[PDB]
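Structure at a glance
Single-letter residue listing:
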Amino acid sequence: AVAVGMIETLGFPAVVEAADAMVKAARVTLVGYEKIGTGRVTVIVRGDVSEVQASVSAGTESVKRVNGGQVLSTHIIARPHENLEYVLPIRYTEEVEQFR
Amino acid sequence: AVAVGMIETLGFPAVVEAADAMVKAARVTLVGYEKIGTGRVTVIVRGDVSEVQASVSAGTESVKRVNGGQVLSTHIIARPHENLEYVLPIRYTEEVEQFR
Amino acid sequence: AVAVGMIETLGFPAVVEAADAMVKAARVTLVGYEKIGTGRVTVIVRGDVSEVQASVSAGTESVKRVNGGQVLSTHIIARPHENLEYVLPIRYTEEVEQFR
Amino acid sequence: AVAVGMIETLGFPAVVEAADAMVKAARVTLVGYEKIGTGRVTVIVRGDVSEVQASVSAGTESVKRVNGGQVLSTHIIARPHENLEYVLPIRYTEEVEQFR
Amino acid sequence: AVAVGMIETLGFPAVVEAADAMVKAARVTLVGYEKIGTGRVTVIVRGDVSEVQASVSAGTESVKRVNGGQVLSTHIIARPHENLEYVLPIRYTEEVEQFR
Amino acid sequence: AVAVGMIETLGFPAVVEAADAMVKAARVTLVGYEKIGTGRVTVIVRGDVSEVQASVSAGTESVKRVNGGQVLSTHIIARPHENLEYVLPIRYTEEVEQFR
Amino acid sequence: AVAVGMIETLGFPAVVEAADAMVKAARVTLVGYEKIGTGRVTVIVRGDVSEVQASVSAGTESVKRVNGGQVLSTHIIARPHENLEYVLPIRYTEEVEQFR
Amino acid sequence: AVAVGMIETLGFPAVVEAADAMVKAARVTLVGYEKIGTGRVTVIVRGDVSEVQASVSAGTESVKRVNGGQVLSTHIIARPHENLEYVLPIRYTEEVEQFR
Amino acid sequence: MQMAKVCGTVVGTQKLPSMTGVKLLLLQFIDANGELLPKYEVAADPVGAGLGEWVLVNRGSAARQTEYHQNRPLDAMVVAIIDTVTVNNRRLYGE
Amino acid sequence: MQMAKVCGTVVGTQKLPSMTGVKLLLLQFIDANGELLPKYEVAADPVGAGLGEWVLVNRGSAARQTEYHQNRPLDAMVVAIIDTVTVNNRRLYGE
Amino acid sequence: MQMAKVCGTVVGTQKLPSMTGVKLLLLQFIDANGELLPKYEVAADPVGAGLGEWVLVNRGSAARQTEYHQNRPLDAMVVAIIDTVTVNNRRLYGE
Amino acid sequence: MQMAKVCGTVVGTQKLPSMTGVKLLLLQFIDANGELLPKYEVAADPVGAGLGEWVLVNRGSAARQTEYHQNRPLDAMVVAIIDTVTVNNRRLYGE
Amino acid sequence: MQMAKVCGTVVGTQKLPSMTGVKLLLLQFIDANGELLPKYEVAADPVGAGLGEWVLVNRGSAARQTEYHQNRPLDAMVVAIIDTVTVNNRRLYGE
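Numbers attached to residues count from 1 within each chain as its sequence is written and can disagree with those in the entry; no residue without coordinates is shown. The order in which chains are written sets their letters, starting at A; the order in which ligands are written sets their numbers, starting at 1. Remember that the shown chains come from a larger assembly, so read each value as a statement about the shown part. The basis for every side-chain value is the complete set of heavy atoms in the structure, and neither hydrogens nor water enter the calculation.

This entry lists cryo-EM as its structure determination method and reports a resolution of 3 Å.

So, in structure tokens, the structure goes:
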């Protein structure tokens, strides 16, 4: 019931620029960091969808100011199902509850 | 308040020469080592952004001494958010708190 | 403070020929075995830089006498920083202290 | 262990525009002045690499506003070895201890 | 608070005509004489920055009277830093404090 | 029974980067600094011949980071004659017996 | 306040033919001998400008009867400033007071 | 010993614009007005050379905003001889001592 | 340029299509000493600035000169993150 | 950009032909704390702003960069309708 | 844009040749209520504004966007003669 | 434009090569009444203005529109020497 | 242009790539009398200005008119190092 934003880049320094320009642009909580192979790295933010839409849009234009970093995919989900948090690695962990 | 710099190289001999020439060039601490797949290996240095910019600039041109080693992406973040230390593997570990 | 040599090959039988011809050519100790994806495998030797320079150079033309095996990358570091021991997997383990 | 910046110009009026725009653009100290032949004159500064990086980069663009003077080579070393001060003429002399 | 002006000529007869026509033109004093190699000879005048620009503009066009004498680079610095007095040979010596 | 290695660069910023990356690479000491004219500047390192070859190979490829800095000639001598210590400036001085 | 004549040749046997045919063609006194690099050698004479004008013009046509020696630049200054003697090496030394 | 600036125009309304924009641009005193024939009229200013250089340069593009008026000749003399005051009509008269 | 401190962020959902992807900060201007003035500015942020950090902000048409802000309606931008300020040859914002 | 509150609208019948069809608001500037300043600005309004709404207004040549305001004599424009201001990591204009 | 009241006119005989034929007014700025501020502006006037009229005046490069003021050195222009101002949904300058 | 009184001149010897030949005045701004404000401006001067003259000075990009100031770094220029100001249909700066 | 005194220096390492090689000063504005105002400006510096100098600083798009500052995000530049100010026909900053 809390919005999920995902920026997938090709490369790790591209995705730390993605993850930091997301949490700096708006009040979102970076809860996730997902590796799926072939150099595809996804970072996951959570928050209100006013914050997530602004952060993911500002986080997309920051990766393209990195040399050799591209944005492979980008999506914002405004109200996910409660089924998704137990299966997919998008949920709030215990480490990141102070930024909620 | 310490910056984070990353150099992603294609190859492990390319990433040890990048890591060796980064901690030799300036007063930074190598804290990280992250494999994302497809032979893309990233080292992570920590220090103030004066020394980190001089490390990443030295470590990038240091991977031309390595035959078959390519630099894919480099980035310097002047002050990472507090959210990134717990999610992304850029924080100071206790093995490298003697080098801080 | 002890020299690090690395031979990165494409394939596992090419990297065992790299690892075996290195410890046979000179008094070095193979301490590492690193997989970074896309079929790139690195072996890491330690020793005095007279031994490591001779072993890595002799290890490179031993992979050239294997069918289907190439050397993607190779490097020798003569005096690494002590920061590199704790982050990178190039240090002496407990199993390989008898060959030190 | 203090950072060294060097700007090498072809000509003496270009190298005083180099040396003065280096010490004005940042809090650095001009410690050296080196002639190596064929009209090549080097200006050496010391300071923290926050200063010296801005000092060299603004000092390089000031030689470009001199007629007939160009920059042949320029370099910044963020953390030199302590062996370098006794051999190379880059150390703090006694006359320039008021500007340290 | 006195300016420094330099005229680098190619040749010693070109630089005495540059030095003579600089101290004749305005109320500046010639304090310096610097050879950097390859026949590049620089004279250094000191005065107020209005007097120095009137000298350097006069001394530049005065080297066309010298056949085979070329002007390579001229520059005028409005107030040089205090660091430049001790490192570069632009300061007032005791031979030329009677002309100040 | 210590080797001597020399790297002659064209330029003083090219030769401090050559000197810094030679004493950082291996267990050699920089003992010498020789200008022969026309902007040809030589630095001289001393060590065991395995450490010297690892330094000169590192210092040669380190001068590509210096824009406008060229490497002219490098050479490594396994054990120089005793005659060369007194005539040529390659011997250990008392400034650099703390680095031996 | 005594006139200065200068003949700059490319080469030393051309400049002694310059210096001797200057002091023979008129009652002048050779006071100076200046090397500025790239094989440029200057001969400086003093005297009344009745002498020095005939001395320089006959001294210039004598270098033309030397093989391989030419005159690069030549100049006569009839009434120099008194600032020029203390900075430029054109003054009467103690050895040449018998020829004044 | 006081600087002389001269702007020579072709025409009288061009030279009153030259004379008026000179005494307005900087603290100079117009002391002279010289007709030499063929429609060439010169105006002469006196003052410190910071003022005279600024006034003559600003006086040149003021004639350029007059229709049919050109600047034929312009010059600034920073420190004239005292012989020039009595022969040439550039001296302070009695009428223009209130503007000195 | 003006020295300013990043106090917060401004999020706007209904905006121009040229303004999408532009990170809007909330900078408060500081004086030459370093005390916060009662003057603020919402500025674009190409160089990623964190909260509390001192930045250099420029106003006017100079905010549209960096190859992607060209046809955007921006009159303020963060051009630099301030590393050090040295006033009267002594350090002020070293850290 | 500046945060401003739409107090009202301004209608001008006699104007330039380039100014036809331009919706002119009356914005009052607010500070960083959220209180109205005694400074105002009549600004163009491409994104529809209602009375009392907080907007982002930019001044200068940046108001002429949006594909139809190009050859219009505009020195102010509403570029964004403010959704959230978050000063010192806490919400200020959430609503 | 800024609401301003035409207090008078300014006549300059010695001027640039680009400034010929440009009617220069003397506007005094009014606040959001309508009281005269102690701030003024000499502005060009393409649409004929009489004394005492309330006008809209824009500053900067926007004064040079109307095809007869393009290559003129103008930093202020009257773009509209204000017909009505409606603040807080009630009329303020109806007349 | 702003009405200003020519207080004096500023002479700069070490300057940009684009700034050569530019006559720099020192104008003090006056109000609508005619009293000197505590605000000044160093402005270029194409039309020859003497000390004590009332001038019209414009700021910004408009100072670079007069065919000899185009590629010069000028943000202020004297566009007119004021002949007459008529405030509230009575003369103020006739002389 | 404004007369300003070079108080200090601002150095930023994390910045735009267009801002590299640009020497950023810290100028404090001075009044017509010659004493320091409580207004500052971080300005680019093509002509070499030392600490304590009086300089002429221009704001806006005029800082991008000098053959290398054209595509840089600069809204302030030092165009001249002030040699002499002559207010009311007497010298003020002779030195």
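A closer look at the pairing of strand β2 (residues 29-35) of chain G
All names here are of chain G. Judged from the six bridges that link them, β2 and strand β3 (residues 40-47) form a sheet pairing that is antiparallel. Looking across to β3, one finds that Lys 35 is bridged to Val 41. Here the rule is simple: two strands pair whenever DSSP picks up at least two bridges between them. Think of it this way: any DSSP run of H or I at least four residues long counts as a helix, any run of E at least two long counts as a strand, and we number them from the N terminus. The hairpin formed by β2 and β3 contains four residues between the paired strands, and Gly 37 there has a positive phi angle of roughly 100°.

Focus: helix α1 (residues 12-25) of chain C
The span one expects for a helix is its residue count, reduced by one, times 1.5 Å. Given a rise of 1.5 Å per residue, 14 residues ought to cover 20 Å, and the 20 Å separating the end C-alpha atoms of α1(C) matches this to within 8%. Three exposure classes are used, based on accessible area relative to the maximum for each residue type with a 1.4 Å probe and protein chains only: buried under 20%, partly exposed in between, and exposed over 50%. What α1(C) keeps buried is the set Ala14(C), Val15(C), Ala18(C), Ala19(C), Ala21(C) and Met22(C).

As for the interface of chain B and chain C
Here, two residues are considered to be in contact whenever any of their heavy atoms come within 4.5 Å of each other. Contact residues are listed per partner, giving 32 residues for chain B and 26 residues for chain C. Looking at the side of chain B facing chain C, the largest losses of area belong to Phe12(B), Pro13(B) and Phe99(B), adding up to 26% of the total buried there. Criterion for a salt bridge: a side-chain nitrogen of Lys or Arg within 4 Å of a carboxyl oxygen of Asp or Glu. For the pair chain B and chain C, the number of links is one salt bridge. Definition of a polar contact: a pair of N or O atoms within 3.5 Å, with one able to donate and the other able to accept a hydrogen when the atoms are protein atoms, and with sequence-neighbouring residues admitted only if both atoms are side-chain atoms. For the pair chain B and chain C, the number of links is eight residue pairs in polar contact. Elements supplying a minimum of two residues to the side of chain B that touches chain C: α1 (12-25), β2 (29-35) and β3 (40-47) of chain B. Broken down by element, the side of chain B that touches chain C gets its largest block of residues, nine residues, from α1(B). Defined in terms of a 1.4 Å probe, buried area is the accessible area two parts forfeit on being brought together, summed over both.

Looking at a positive patch on the surface
Nonpolar side chains (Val, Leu, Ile, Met, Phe, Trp, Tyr) within 5 Å and like charges within 9 Å form the patches, drawn only from residues with over 30% relative accessible area and no salt bridge. Areas reported as accessible are Shrake-Rupley estimates using a 1.4 Å probe. Residue values count occlusion only from the protein chains shown. Neither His nor the chain termini are counted; the positive set is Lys and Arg, and the negative set is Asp and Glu. Note on charges: their place is set at NZ of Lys, CZ of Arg, CG of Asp or CD of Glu. Taken together, the side chains of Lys39(I), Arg59(I), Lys39(J), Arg59(J), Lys39(K), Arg59(K), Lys39(L), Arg59(L), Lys39(M) and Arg59(M) define a basic patch exposed on the protein surface. Tracing the backbone through its elements, the reader meets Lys39(L) in strand β3 (residues 36-41).

Points about the packing of helix α1 (residues 12-25) of chain F against helix α2 (residues 49-62) of chain F
Residue and element names in this part refer to chain F. Each axis is a line fitted through C-alpha atoms, and for a helix only the stretch in contact is used; angles between axes span 0 to 180 degrees, taken between their N-to-C directions. It is at 8 Å that the axes of α1 and α2 come closest, and there the two elements cross at 145°. Read as a crossing pair, α1 and α2 show a hand that is right-handed. Residues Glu 17, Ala 18, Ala 21, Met 22 and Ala 25 of α1 touch α2, and the partners they reach there are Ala 54, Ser 55, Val 56, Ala 58, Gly 59 and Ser 62. Crossing handedness: left-handed means the near helix sits turned counterclockwise from the far one by under a right angle, and right-handed means the same turn made clockwise.

Regarding a nonpolar patch on the surface
Residue and element names in this part refer to chain A. A cluster of nonpolar side chains, namely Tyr 86, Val 87 and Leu 88, defines an oily patch on the protein surface of about 360 Å² accessible area. Inspection of the secondary structure assignment puts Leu 88 in the segment after α3 (83-87). Under the relative-accessibility criterion, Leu 88 is labelled partly exposed at 41%.

What to know about helix α2 (residues 49-63) of chain A
Between its first and last C-alpha, α2(A) extends 21 Å over 15 residues, near the 21 Å set by a 1.5 Å rise per residue. What α2(A) keeps buried is the set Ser50(A), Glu51(A), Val52(A), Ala54(A), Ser55(A), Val56(A), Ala58(A), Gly59(A), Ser62(A) and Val63(A). Tucked inside the fold, the buried residues of α2(A) contact β1 (3-10), α1 (12-25), β3 (40-47) and β4 (71-77) of chain A, β1 (2-15) of chain I together with β6 (76-87) of chain J.

Observations regarding unusual backbone geometry
The phi dihedral of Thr38(G) falls on the positive side, at around 40°, and the residue is not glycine. Along the chain, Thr38(G) falls in the loop between β2 and β3. Positive phi, close to 70°, is recorded for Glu67(I), a residue that is not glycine. Tracing the chain through its elements places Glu67(I) in the loop between β4 (54-59) and β5 (76-81).

Re the sheet that holds strand β1 (residues 3-10) of chain C
Residue and element names in this part refer to chain C. An order of β2-β3-β1-β4 is seen for the four strands of this open sheet, with the pairing classed as antiparallel. Taken across any chain shown, the strands that pair with only one partner, and hence form the sheet edges, are β2 (29-37) and β4 (71-77). Ignoring which end each strand starts from, the neighbouring axes of this sheet average 15° apart. For β1 and β4, the ladder comprises six bridges, and the chain directions are antiparallel. The residue of β4 that forms the bridge with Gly 5 is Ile 76.

Considering the relation of the copies chain B and chain C
The atoms used to superpose the copies are the C-alpha atoms, and the fit is by least squares. For the pair chain B and chain C, the relating rotation is 61°, the translation along its axis is 0.5 Å, and the fit reaches an RMSD of 0.5 Å. A rotation of that kind, with that shift, is consistent with a six-fold axis. For chain B, the smallest separation between a C-alpha atom and the rotation axis is recorded for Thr38(B), amounting to 4.6 Å. Looking at chain B, a mere 12% of its interface residues are interface residues in chain C too, so the copies touch through different faces.

Description of the packing of aromatic side chains
Note on aromatic pairs: each is described by the distance of the centres and the angle between the planes. Any pair of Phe, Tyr and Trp rings, taking the six-membered ring for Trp, is counted once the centres come within 6.5 Å. Such a pair is stacked with planes under 30 degrees apart, edge-to-face with planes over 60 apart, and tilted for the rest. Scanning the model with the defined rule gives 18 aromatic pairs over all chains in all. The interplanar angle of 45° and the centroid separation of 5.8 Å between the aromatic rings of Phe99(A) and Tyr86(B) together place this pair among those described as tilted. Separated into two different chains, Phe99(A) in the segment after α3 and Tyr86(B) in helix α3 (residues 84-87) make up a pair that spans both. We classify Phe99(A) as buried; its relative accessible area is 6%. For a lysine, the NZ atom is tested; for an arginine, the CZ atom; a charge sits over a ring if that atom is within 6 Å of the ring centre and within 35 degrees of the ring normal. The aromatic ring of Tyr92(A) is capped on one face by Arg100(A), whose charged end is 4.0 Å from the ring centroid. Across the ring face of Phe29(I), the terminal group of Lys39(I) is positioned such that the distance to the ring centre comes to 6.0 Å.

Some points on the environment of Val16(B)
Within the secondary structure, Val16(B) is located in helix α1. The exposure class assigned to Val16(B) is buried, which follows from its relative accessible area of 0%. Separated by 50 residues in the primary sequence, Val16(B) and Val66(B) have C-alpha atoms spaced 9.9 Å apart. Contact partners of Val16(B), with chain neighbours within four places excluded, come to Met6(C), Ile77(C), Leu84(C) and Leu88(C).

Quick word on the side chain of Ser62(G)
In this fold, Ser62(G) is placed in helix α2 (residues 49-63). With residues up to four places along the chain from it excluded, the contact list for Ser62(G) reads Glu17(G) and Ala21(G).

What about the pattern of salt bridges?
Here the structure, examined in full by the defined rule, presents 47 salt bridges over all chains. Where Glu8(B) meets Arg40(B), a salt bridge forms, and the shortest distance between an N and an O atom there is 2.8 Å. Linking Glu8(B) in strand β1 (residues 3-10) with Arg40(B) in strand β3, this pair joins segments that are 32 residues apart in sequence. According to the relative accessible area criterion, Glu8(B) is buried, its value standing at 0%. For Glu51(E), the salt bridge identified is with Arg27(E), shortest N-O distance 2.7 Å. A residue pair is termed long-range when its members are at least 10 positions apart, and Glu51(E) in helix α2 (residues 49-62) and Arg27(E) in the loop between α1 (12-25) and β2 (29-35) qualify at 24 residues. On the basis of relative accessibility, which here comes to 30%, the residue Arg27(E) falls in the partly exposed class.

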